[PDB]
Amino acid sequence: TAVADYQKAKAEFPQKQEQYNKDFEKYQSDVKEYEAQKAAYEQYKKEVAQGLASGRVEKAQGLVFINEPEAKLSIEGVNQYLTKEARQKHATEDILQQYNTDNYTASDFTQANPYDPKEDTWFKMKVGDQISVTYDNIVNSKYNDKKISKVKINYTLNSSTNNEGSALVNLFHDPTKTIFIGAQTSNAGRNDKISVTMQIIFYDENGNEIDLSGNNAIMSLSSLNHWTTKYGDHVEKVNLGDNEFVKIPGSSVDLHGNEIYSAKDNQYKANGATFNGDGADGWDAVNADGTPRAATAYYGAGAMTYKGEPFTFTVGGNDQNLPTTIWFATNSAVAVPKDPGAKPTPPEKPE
């Protein structure tokens, strides 16, 4: 028994030290992350408490526009819907290949919408051609206690990364999930981009457009990834136009001119990021509904006071042949720093 115990402890000890080593490196990593989250949270709590500009996220928010799972689509200005057959044919493909516009041909598109208003719709957008999407059956949303009955979003593709002046769009029937857009990156040199200008109009129950001049419509501009690898210097940017930037404390995202983005890589700790974006517990992890999985989502986020005026998102920087994609969603779910909990404690040294 003493022998059994002894030989087991001896035999297991190498493994226990291996695991200890792993757990300690994790602890050291976790503490840097914890300190960062804690710093961001404390600054956020201060800004809310003291009424600094970033506190407007909690103090000025009159918009509730986060979950509209019953919304249905009415679309004007789209000429090239993806056929159901083509959608089906690409549904098993990896996301990048799904948005590789080189893998679609003209026979994959039709001028007649095959999608029910109640379902996510796929189409090719064309550079310069504004589309107008009306979303109604809006059940959960309001602005300053005006129930929202309908939302209209205009979208305009300004440029693409492909050489066809086009991008493939998955348009969510839920307007709070917005748009998933992508195209092949046809050219080398990382200087092409997908750029979409949008404008969102909310309507009240009487069908009138809602005046946002009370500056209570705080909208998320989350998941502005910037990664830099051998495969690209991929940067997601928003030009806020006449809307106002709301800085998220601790965020990698800041104002550079009238564009917001992360000036440095915010995707890989290996590239200097505070948090990794990738994986099920990376800062950029999302549910199918687009809702962040991660308390650290603030890190790749900004926000805006949305004044009802156009804004433009852009993504670009991929190397040639790596399709450029962005799920761009804006809604009232601003990603702010959250309570990181207890400081992680070092693991017990096995002895």
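Numbering starts at 1 and follows the sequence shown.
Of 66 to 74 and 287 to 295, the one with larger mean CA B-factor = Per the PDB entry, the higher value belongs to 287 to 295.
On average, are the C-alpha B-factors higher in 174 to 182 or in 91 to 99?
-> It is 91 to 99 that shows the higher mean C-alpha B-factor.
Out of 246, 253, 270, 194, highest CA B-factor residue | Result of the comparison over 246, 253, 270, 194: 270.
Can you work out whether the C-alpha temperature factor of residue 125 puts it in the lowest, middle or highest third of the chain?
-> Ranked within chain, residue 125 CA B lands in the middle tercile.
CA B-factor ranking of residue 26, expressed as a third of its chain = Residue 26: CA B-factor falls in the highest third of its chain.
Chain third (lowest, middle, highest) by recorded CA B-factor, residue given as residue 32 = Highest third, going by the recorded CA B-factors of the chain.
Rank-wise, by C-alpha B-factor, drop residue 318 into the lowest, middle or highest third of its chain.
-> As the PDB entry reports it, the C-alpha B-factor of residue 318 lands in the middle third of its chain.
Residue 230 - which third its CA temperature factor falls in, relative to the rest of the chain | Highest third - that is where residue 230 ends up once the chain's C-alpha B-factors are sorted.
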